[PDB]
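Side chains are part of it too, since the values below use all heavy atoms of this structure and drop only hydrogens, waters and symmetry mates. Lettering of chains follows the sequences in order, A, B, ..., and the numbering in each one begins at 1.
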Amino acid sequence: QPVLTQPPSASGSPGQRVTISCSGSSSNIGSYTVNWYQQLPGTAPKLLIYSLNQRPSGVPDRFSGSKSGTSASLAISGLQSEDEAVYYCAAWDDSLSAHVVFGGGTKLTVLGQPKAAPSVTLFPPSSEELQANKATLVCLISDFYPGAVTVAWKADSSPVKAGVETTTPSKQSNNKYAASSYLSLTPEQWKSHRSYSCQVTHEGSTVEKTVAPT
Amino acid sequence: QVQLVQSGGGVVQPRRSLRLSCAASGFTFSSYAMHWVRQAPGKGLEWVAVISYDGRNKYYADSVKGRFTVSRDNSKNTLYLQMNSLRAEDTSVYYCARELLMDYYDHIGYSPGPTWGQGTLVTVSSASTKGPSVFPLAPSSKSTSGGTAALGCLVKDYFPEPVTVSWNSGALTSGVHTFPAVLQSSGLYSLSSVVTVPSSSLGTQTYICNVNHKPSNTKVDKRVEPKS
């Protein structure tokens, strides 16, 4: 509940309807109204929907809000290219430690070119770095569209979360997207496993690359 | 026109302070509750605080309780955020926003309304000028597919941005991709630059990454070759 739950991303083609969900609990969405905000790159958020279903002037009537129980939903009829943005829901929460609670945001892509799976290159630690008593795995992720991926690392077959730093996808010059993820290990950790993998998930498909000690 | 204008952002160290202000015009500021909301680079919105119209009631995000204080001066149509006891994770763009309705109701609570400022960036960091360590990312069978090999340079642990990378002093540009940097928990940046080249050249052609970090007046030229 510290963050209302929204899907990280969504997409649709021009003309389609899309819906974006926002899940909370009885102390927020169950008891208080939900607002939605639209944010374009490098600009402040804009109020899109207030009091669950009302639009400020200057907001197209293809945007609408609804609520049922502890979930709320933003619907966009007839997607247009300018609807590509990040959408946030928010509600007052009257728990102990009352506060405004935002959802985590949903990046909506309005599809304007073909889906493109990421190219992934994974480099192991260099011998020079290992001699500095450090070890960095480098997972480079490029040429994907839409611009949303999740990255998961494995030591052998087990999830690794510690020591991971991943960038937020950024547009390339060709309007596809790039990101990178770095796994920091000790030299000992690196040599004590048979392999490490970087798995990139994009629009439901996974691309995995694996490296092993020399 | 109806607007809010934030000021006061800048670069500061942790365990220090910074004071933000937000100057309202074109609406009756003194009749509205006011919010602060923040957003870390590449991340989501996070509510920081709200203050009632008369300043009598304040509420805060748990993470800033004991550290930040919201206040207002209605005579000056100004909202303040006094950010004491700064921490690195307070790095964000800070927005002020007007409450939705003029008065307070039971089924509404508080929520950011239609008027938002432009944001002011606060960067909290204890890092200081440092040039990068550069490591080769050697080409290998595993970075080779379809007559093209990938190789690169890892530019590690520098501050502040930016770094520039060229290959072979500009003689290699096709297939070069220098990725945006990651900001590590340490407060230092790292990035990688990768080039795709015909596998055919890995013997004859020399590959040198040229790394320039102007902020520290550091320049590194590193040859990247197949392992041994």
Next on the checklist: Has B/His35 got a side-chain atom pairing as donor or acceptor with B/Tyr95's backbone, closer than 3.5 angstrom?
Outcome noted: no
Checklist entry - If we only count heavy atoms from C-beta on, is the B/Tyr94 to B/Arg38 side-chain gap below 4.5 Å? => result yes
Checklist entry - Short question: side chain of B/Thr28, backbone of B/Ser30 - any donor-acceptor pair under 3.5 Å? => result no
Next on the checklist: For a 4.5 angstrom cut-off between non-hydrogen side-chain atoms, does A/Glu203 reach A/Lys115?
Outcome noted: yes
Checklist entry - Does A/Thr150 reach the side chain of A/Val200, with side-chain heavy atoms less than 4.5 Å apart? => result no
Next on the checklist: Would you say that A/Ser126 contacts A/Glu129 through its side chain, given a criterion of any heavy-atom pair below 4.5 Å between the two side chains?
Outcome noted: yes
Checklist entry - Does some side-chain heavy atom of A/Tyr37 sit less than 4.5 Å from a side-chain heavy atom of A/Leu47? => result yes
Checklist entry - Can you tell me how far OG1 of A/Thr136 sits from CG of B/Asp157, rounded to the nearest 0.5 angstrom? => result 7.5 Å
Checklist entry - Shortest non-hydrogen contact from A/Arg17 to A/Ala75? => result NH2-CB, 3.6 Å
Checklist entry - What orientation do A/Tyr196 and A/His193 show, parallel under 30°, tilted 30 to 60°, or perpendicular over 60°? => result perpendicular
Checklist entry - If you measure only the distance, is there a donor-acceptor pair under 3.5 Å linking the side chains of B/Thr148 and B/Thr196? => result no
Checklist entry - Which atom pair, heavy atoms only, marks the closest approach of B/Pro112 to B/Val37? => result CG-CG2, 4.3 Å
Checklist entry - Which class fits the ring pair A/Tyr177 and A/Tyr145: parallel under 30°, tilted 30 to 60°, perpendicular over 60°? => result tilted
Checklist entry - Got more than 12 heavy atoms from elsewhere within 6.0 Å of NZ, B/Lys156? => result yes
Next on the checklist: Rounded to the nearest 0.5 Å, what separates atom CD1 in A/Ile20 from atom OH in A/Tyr87?
Outcome noted: 6.5 Å
Checklist entry - More than 12 foreign heavy atoms under 6.0 Å from OH of B/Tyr80: is that the case here? => result yes
Checklist entry - What do the steps show when you test A/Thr33 against A/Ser51 for side chain to side chain donor-acceptor pair (under 3.5 Å), and what is the final call? => result CA-CA 5 Å; A/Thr33 52; A/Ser51 303; 4.9 Å; no
Next on the checklist: For the CG atom of B/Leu101 and the OG atom of B/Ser31, what is their distance to the nearest 0.5 Å?
Outcome noted: 12.5 Å
Next on the checklist: A/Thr106 vs A/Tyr88, test: side chain to side chain contact (heavy atoms under 4.5 Å, CB included). Steps then yes/no.
Outcome noted: CA-CA 7 Å; A/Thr106 300; A/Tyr88 295 93; over 6 Å; no
Next on the checklist: For B/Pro132 versus B/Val211, what's the shortest heavy-atom pair and its separation?
Outcome noted: CG-CG1, 4.1 Å
Next on the checklist: Using ring centroids (six-membered ring only for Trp), state whether B/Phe27 and B/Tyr32 fall under 6.0 Å.
Outcome noted: yes
Next on the checklist: I'd like to know if the side chain of A/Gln199 and the backbone of A/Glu208 have a donor-acceptor N/O pair within less than 3.5 Å.
Outcome noted: no
Checklist entry - Checking A/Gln54 side chain against A/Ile49 main chain: does a donor-acceptor pair fall under 3.5 Å? => result no
Item to check | Qualifying residue for side chain to side chain contact (heavy atoms under 4.5 Å, CB included) with A/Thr109, from A/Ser9, A/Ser11, A/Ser13 | outcome: A/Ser11
Next on the checklist: For a salt bridge (charged side-chain N to carboxylate O under 4.0 Å, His left out) check, start with the C-alpha distance between B/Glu89 and B/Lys43, then their side-chain angles and the critical distance, and finish with the verdict.
Outcome noted: CA-CA 12 Å; B/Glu89 68 268 17; B/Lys43 306 297 188 182; over 6 Å; no
Checklist entry - Are B/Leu86 and B/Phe68 side-chain neighbours, meaning at least one heavy-atom pair lies under 4.5 Å? => result yes
Checklist entry - Will you find, in the side chains of B/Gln39 and B/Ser92, an N or O donor that is under 3.5 Å from an N or O acceptor? => result no
Checklist entry - Under the side chain to side chain donor-acceptor pair (under 3.5 Å) criterion, do B/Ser192 and A/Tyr182 qualify, and how do the steps go? => result CA-CA 10 Å; B/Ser192 295; A/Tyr182 293 83; 2.9 Å; yes
Next on the checklist: Would A/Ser181 and A/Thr166 count as a side chain to side chain donor-acceptor pair (under 3.5 Å) here? Give the steps.
Outcome noted: CA-CA 4 Å; A/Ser181 191; A/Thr166 303; 2.6 Å; yes
Item to check | Separation of B/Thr69 OG1 from B/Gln82 CD (nearest 0.5 Å) | outcome: 7.0 Å
Checklist entry - Distance-only, no hydrogens or angles: does the B/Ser85 side chain make a donor-acceptor pair with backbone N or O of B/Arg67 under 3.5 Å? => result no
Next on the checklist: Treating B/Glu99 as the side-chain partner and B/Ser111 as the backbone partner, does any N or O pair qualify as donor plus acceptor under 3.5 Å?
Outcome noted: yes
Checklist entry - Between A/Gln172 and A/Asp143, is any side-chain donor less than 3.5 angstrom from a side-chain acceptor? => result yes
Checklist entry - With respect to B/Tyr110, which candidate in B/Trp36, B/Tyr104, B/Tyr60 satisfies the ring pair (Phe, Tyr, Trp, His ring centres under 6.0 Å) definition? => result B/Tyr104
Checklist entry - Between A/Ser158 and A/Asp156, do the side chains contain an N or O donor and an N or O acceptor separated by less than 3.5 Å? => result no
Checklist entry - Quick one: do the B/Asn210 and B/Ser166 side chains pair a donor with an acceptor below 3.5 Å? => result yes
Checklist entry - Do any N or O atoms from the side chain of A/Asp93 and from the backbone of A/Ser95 form a donor-acceptor pair under 3.5 angstrom? => result yes
Next on the checklist: Let's go through B/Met34 and B/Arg72 carefully: what are the C-alpha distance in whole Å and the side-chain angles of both, what is the deciding distance for side chain to side chain contact (heavy atoms under 4.5 Å, CB included) to 0.1 Å, and is it a yes or a no?
Outcome noted: CA-CA 9 Å; B/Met34 293 294 299; B/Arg72 70 196 290 158; 3.7 Å; yes
Next on the checklist: Show the nearest heavy-atom pair for residues B/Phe159 and B/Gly187, with the distance to one decimal.
Outcome noted: CD1-O, 3.6 Å
Checklist entry - Between B/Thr120 and B/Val93, is any pair of side-chain heavy atoms under 4.5 Å apart? => result no
Checklist entry - Are any side-chain N or O atoms of B/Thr91 and backbone N or O atoms of B/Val124, one a donor and one an acceptor, separated by less than 3.5 Å? => result yes
Checklist entry - Does NZ in A/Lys171 sit with more than 12 non-hydrogen atoms of other residues, nucleotides or ligands closer than 6.0 Å? => result no
Checklist entry - Is the backbone of A/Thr210 close enough, under 3.5 Å, to the side chain of A/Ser197 for a donor and an acceptor to pair up by distance? => result no
Checklist entry - At their closest point, which heavy atom of A/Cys139 faces which heavy atom of A/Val120, and how far apart are they? => result SG-CG1, 3.7 Å
Next on the checklist: Does B/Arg87 have more than 12 heavy atoms from other residues, nucleotides or ligands lying within 6.0 Å of its CZ?
Outcome noted: no
Checklist entry - Taking it one step at a time, do B/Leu121 and B/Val11 satisfy side chain to side chain contact (heavy atoms under 4.5 Å, CB included)? => result CA-CA 8 Å; B/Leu121 178 64; B/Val11 182; over 6 Å; no
Next on the checklist: Could you walk me through whether B/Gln184 and B/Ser190 satisfy the side chain to side chain donor-acceptor pair (under 3.5 Å) test, starting with their C-alpha distance in whole Å, then the side-chain angles of each, then the deciding distance to 0.1 Å, before giving a yes or no?
Outcome noted: CA-CA 7 Å; B/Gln184 304 167 112; B/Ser190 295; 3.1 Å; yes
Item to check | Minimum-distance pair of heavy atoms, taken over all atoms of B/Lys130 and B/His213 | outcome: O-CE1, 3.2 Å
Checklist outcome for this item: Output for pair (B/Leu79 CG, B/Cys96 SG), nearest 0.5 Å, gives 6.0 Å
Next on the checklist: Do A/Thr186 and A/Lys134 pair up side chain to side chain, a donor and an acceptor below 3.5 Å, judged on atom types alone?
Outcome noted: no
Checklist entry - Do B/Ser193 and B/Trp167 come close enough that some side-chain heavy atom pair is under 4.5 Å? => result yes
Checklist entry - Is the number of heavy atoms from other residues, nucleotides or ligands within 6.0 Å of NZ (A/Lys107) greater than 12? => result yes
Next on the checklist: Looking at A/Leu40, is its backbone amide N or carbonyl O close enough to the side chain of A/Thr43 to form a donor-acceptor pair, meaning the two atoms are under 3.5 Å apart?
Outcome noted: yes
